[PDB]
Amino acid sequence: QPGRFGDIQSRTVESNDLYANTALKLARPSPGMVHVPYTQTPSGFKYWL
Amino acid sequence: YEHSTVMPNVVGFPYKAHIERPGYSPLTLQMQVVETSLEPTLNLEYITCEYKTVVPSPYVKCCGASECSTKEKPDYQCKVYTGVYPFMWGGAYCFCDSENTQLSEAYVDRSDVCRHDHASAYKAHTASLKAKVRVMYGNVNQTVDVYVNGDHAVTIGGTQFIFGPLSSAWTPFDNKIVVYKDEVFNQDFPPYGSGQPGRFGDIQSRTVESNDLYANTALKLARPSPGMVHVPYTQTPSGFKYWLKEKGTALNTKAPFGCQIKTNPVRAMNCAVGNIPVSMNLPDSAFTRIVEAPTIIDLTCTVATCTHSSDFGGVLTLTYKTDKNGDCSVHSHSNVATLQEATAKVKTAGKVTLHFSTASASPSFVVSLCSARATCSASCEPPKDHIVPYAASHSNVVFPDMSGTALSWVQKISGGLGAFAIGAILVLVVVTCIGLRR
Amino acid sequence: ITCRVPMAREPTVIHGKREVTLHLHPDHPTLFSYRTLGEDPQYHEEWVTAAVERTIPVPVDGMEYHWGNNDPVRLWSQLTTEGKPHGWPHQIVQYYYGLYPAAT
Ligand SMILES: *[C@@H]1O[C@H](CO)[C@@H](O[C@@H]2O[C@H](CO)[C@@H](O)[C@H](O)[C@H]2NC(C)=O)[C@H](O)[C@H]1NC(C)=O
Ligand SMILES: *[C@@H]1O[C@H](CO)[C@@H](O)[C@H](O)[C@H]1NC(C)=O
């Protein structure tokens with residue numbers, strides 16, 4: 001679950017697969033500017049820490 | 001033709017109005033409310049704003065004395081002091097050691113930005129209501145702005161519409177309010193000319209450009225320190241900033257019925273309360289005669305699925321026999337369930353499908369297709385989703401039908417008990433009769 | 001003149017039986033407020049500083065909550081409860097009790 005412990009899970013340290021659920025949402029750029037905006041729930045690992 | 005009806009004042013709720021006259025096919029009416037505005041009549045009392053204390057340079061006289069006269073200035077305070085010995089960056093200021101005198105004065109005037117930053121005190125009176133309502137029937141689809149007073153009369157497709165008056169006379173503004181920037185407050189204020197220092201209303205003015213002012217800030221002077229040239233003063237800070245710091249909770253986050261509050265002008269929008277009567281006068285060219293209208297015979301109704309949710313969770317199918325193709329007006333003659341479509345297309349095949357919404361465990365209603373009439377009854381199941389982001393599209397009703405399952409159980413138990421009691425009464429009566437005849 | 005502000009993060013919504021539990025993840029001190037759209041509302045407002053969780057009731061009439069600098073969001077609750085409305089008498093009793101306890 002996003003924002004809590006275990007939002008990014010890997011079966012082992014060297015595994016090539018990953019499970020991430022962080023609620024990544026994009027936004028339309030403001031007029032007359034080049035940029036990518038996005039709103040994302042903070043890391044759950046720091047929250048747990 | 002003249003008609004009268006009542007409609008609920010809830011934004012976004014579709015409403016069907018059914019109109020039937022002899023010699024004409026039934027017509028259906030769609031009226032929806034888009035936006036409502038509630039404006040109270042206001043009269044200003046006084047305005048307030050921060051201030052500045054104009055203190056001029058002191059007057060020092062060498063070997064002499066002075067006296068000052070009163071002035072018609074806001075909170076003027078003058079005081080003359082004896083036995084002073086100024087000092088400046090070069091040396092002493094006067095020969096006389098103890099024959100000197102310093103004259104001090106100060107007063108209070110409104111700030112130079114009072115015209116841009118000020119708080120107004122008003123009084124709320126009887127409030128008026130205006131709304132924007134849309135009308136849909138036939139091939140005309142228009143939105144009109146109407147005063148809800150019982151006086152306005154608009155015309156749509158050669159039809160007179162008269163709205164109001166609102167059933168409930170309820171207003172969210174108290175008698176005395178204060179308006180600042182884009183917030184309103186239900187807070188009483190001290191009367192003009194009787195302000196108190198340190199709080200709201202220490203400075204009052206009848207209007208923004210008024211030349212007269214009333215200030216009570218407790219200005220007091222003090223004796224200058226020895227060997228210095230200064231005018232000291234102790235004064236209670238501005239009350240406007242104090243009110244700006246702990247004013248409280250704005251009415252924008254307290255209004256009941258979900259009323260959004262705006263200013264310029266002060267108004268409350270999208271308030272859900274009461275009902276709006278509607279009076280109309282249709283022309284004769286908006287109907288259709290029976291002769292060219294289809295005839296529906298042997299119509300029976302059934303329901304496929306039902307789930308009482310906020311959406312149109314339910315479908316019903318109508319079977320019929322007709323003579324010619326055409327378009328008919330369809331309406332539900334009850335309140336428990338509200339339909340979705342106002343017109344339907346009928347064909348020789350003999351089956352039409354309708355959507356509807358309800359909130360009861362077991363609804364019963366009469367559904368009319370053109371001049372025909374038939375009854376529907378069904379059983380519905382509760383939904384699974386807990387919370388939804390849209391308002392309900394059904395008139396809130398919960399009581400089940402007389403023939404529903406729970407009411408059926410109550411009916412059968414009560415009938416058994418009543419029959420048993422009736423038999424007991426009969427046996428008592430017959431025993432009394434035979435005993436009395438002897 | 002016209003000057004610039006940031007829009008706060010959208011919060012995490014967890015549903016429940018006529019209740020919403022929110023997760024708030026502020027980067028600044030932000031202002032969080034809510035009210036109910038009934039006859040007598042239950043207002044509230046506070047200055048959130050760190051990560052907290054709050055539970056807000058959502059009656060059938062509706063809720064509105066104002067988080068940070070975004071537009072307010074409104075929610076409504078459906079008529080949901082346990083039991084079956086067409087089973088044995090205790091089942092309908094349980095259903096109607098779950099909808100409206102005291103009257104049942
Ligand atoms: C010049 O200084 C003398 C003091 O040396 C001033 O004389 C004083 O005048 C006041 C009122 O005129 C008297 O009360 C004092 O008693 C006087 N003092 C002395 C020592 O005579 C005089 O006024 C000053 N003149 C100017 C123009 O400043
Ligand atoms: C009525 O007109 C409005 C404005 O164009 C439109 O959005 C709406 O869909 C129309 N409704 C019908 C039934 O034509």
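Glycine gets a Cβ as well: all are built from the backbone with ideal geometry, and neighbour counts include every protein chain shown. Derivation of every value follows stated rules applied to the coordinates shown; laboratory data play no part.
Key figures
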read-out	value
Residue within the stretch B:72-91 that is in contact (Cβ under 8 Å) with a residue 12 or more places away in the chain, outside any loop (DSSP other than H, G, I, E, B) and within 15 Å of ligand 1 (Cβ to nearest atom) present	yes
Any chance residue B:110 is surrounded by fewer than 19 Cβ atoms within 10 Å (Cβ to Cβ), away from ligand 2 (no atom under 16 Å from the Cβ) and closer than 30 Å to residue B:263 by Cα	no
Subset of the stretch B:134-150 that is touching a residue at least 60 places away in the same chain (Cβ under 8 Å) and touching a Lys or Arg at 6+ places or on another chain (Cβ under 7 Å) - its residue that is nearest to ligand 2 (Cβ to nearest atom)	B:143
3 or more residues within 14 Å of residue B:281 (Cβ to Cβ) and away from ligand 1 (no atom under 16 Å from the Cβ): qualifying strands (runs of 3 or more DSSP E) within the stretch B:129-171	B:153-155, B:160-163
Condition met for residue B:163 (away from ligand 2 (no atom under 16 Å from the Cβ), more than 30 Å from residue B:49 (Cβ to Cβ), in contact (Cβ under 8 Å) with a residue 40 or more places away in the chain and away from chain C (no Cβ under 14 Å))	yes
Elements of type strands (runs of 3 or more DSSP E) in the stretch B:324-438, at least 1 residues being of a type in the set (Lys, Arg)	B:343-346, B:351-357, B:372-377
Residues of the stretch B:23-50 satisfying the condition of being part of a strand (DSSP E or B), under 17 Å from residue B:191 (Cα atoms) and of a type in the set (A, V, I, L, M, F, W, C)	B:42, B:44, B:47
Subset tally (residues that are away from ligand 2 (no atom under 15 Å from the Cβ) and within 20 Å of the chain's Cα centre (by Cα)) for the stretch B:116-133	10
Boolean, residue B:249 is under 38 Å from the mean Cα position of the chain (by Cα) and of a type in the set (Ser, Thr, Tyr)	yes
Pairs, first away from ligand 2 (no atom under 16 Å from the Cβ) in the stretch B:20-31, second among the polar types (S, T, N, Q), C-beta under 8 Å, six or more apart	B:24/B:288; B:25/B:288; B:25/B:329; B:25/B:371; B:26/B:329; B:26/B:368; B:26/B:371
Some residue of the stretch B:86-100 being over 30 Å from residue B:216 (Cα atoms) and of a type in the set (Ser, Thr, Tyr)	yes
Qualifying residue in the stretch B:98-120 (condition: more than 16 Å from ligand 1 (Cβ to nearest atom), within 14 Å of chain C (Cβ to nearest Cβ) and outside any strand (DSSP E or B))	yes
Positions within the stretch B:396-412 being free of Cβ contacts under 8 Å to residues at least 12 places away in the same chain and among the polar types (S, T, N, Q), in sequence order	B:408, B:411
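For every residue, the table says whether it meets (1) assigned to a strand (DSSP E or B); (2) facing chain B (nearest Cβ under 10 Å); (3) surrounded by 12 or more Cβ atoms within 10 Å (Cβ to Cβ).
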site	(1), (2), (3)
C:13	yes, yes, yes
C:20	yes, yes, yes
C:45	yes, yes, yes
C:87	no, yes, yes
C:93	no, yes, yes
C:102	no, no, no
